[PDB]
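First comes one chain, alone, set out as structure tokens in the form deposited in one PDB entry.
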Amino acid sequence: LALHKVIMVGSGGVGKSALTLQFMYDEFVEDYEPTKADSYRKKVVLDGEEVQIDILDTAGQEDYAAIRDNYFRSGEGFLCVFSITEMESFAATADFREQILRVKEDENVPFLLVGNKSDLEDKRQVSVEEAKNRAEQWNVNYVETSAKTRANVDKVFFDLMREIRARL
């Protein structure tokens, strides 16, 4: 089977684990240990082809730069998550983008900008416009998700796999 290696990146509390666990187990998990990194593997039927997705849910604990870079080098695609309710998490996406680009040396690395917590519109700190503008500057797609309601959860994982399939 094709193996699509996806890495979840983003600052703390944005919903990396909640997105991963909603995709894997169809549950909204609100208390997943913030410091725990884990990998998840699932067989999925992508546009009618059975593939395996491997998701690395990062938790920011790896501080040794060579090891972090080694992990990013192994990844084939990235979900770069921020929370629409935390502007600083959106600012932080620039750092993950640069880290990925330094390692992959390919501006067309499969990569989605993911604005999570779309069910908290009344707490929005990041405008759709500014996120779309950043995605346009980077030539990536912007998708808003909710790990709580499941909105666009399958979409971000499937669309990332579609970019891996097309580009690699």
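C-alpha atoms forming the largest set that superposes within 1.5 Å between two forms make up the rigid core. From 1 onward, residues are counted along the sequence shown.
J.: Between 134-142 and 47-55, name whichever shows the higher mean Cα B factor according to the PDB entry.
T.: Mean C-alpha B-factor is greater for 47-55.
J.: Is the mean CA B factor in the deposited entry higher across 102-110 or across 117-125?
T.: Comparing averages over the C-alpha atoms only gives 102-110.
J.: Looking at the entry's B-factor column for C-alpha atoms only, identify whether residue 166 ranks in the lowest, middle or highest third of its chain.
T.: Middle third by C-alpha B-factor.
J.: Please say which third, lowest, middle or highest, residue 74 falls into when its CA temperature factor is compared across its chain.
T.: Highest third of the chain for residue 74's C-alpha B-factor.
Although it is not shown, the form deposited in another entry is what the next lines describe.
J.: After the core is matched up, is the C-alpha of residue 106 off by 2 Å or more between this form and the one not shown?
T.: Shift at residue 106: below 2 Å after core fit.
J.: After superposing the rigid core, is the C-alpha displacement of residue 63 2 Å or more between this form and the one not shown?
T.: The answer is yes; the displacement is at least 2 Å.
J.: Relative to what is shown, are the Cα atoms of residue 54 and residue 62 closer or farther apart in that other deposited form, where the gap shifts by 3 Å or more?
T.: Farther apart, by at least 3 Å.
J.: Residue 64 and residue 90: do their C-alpha atoms lie closer or farther in that other deposited form than in the form you see, with a change of 3 Å or more?
T.: Relative to the displayed form, residue 64 and residue 90 draw closer in that other deposited form - a change of at least 3 Å between their C-alphas.
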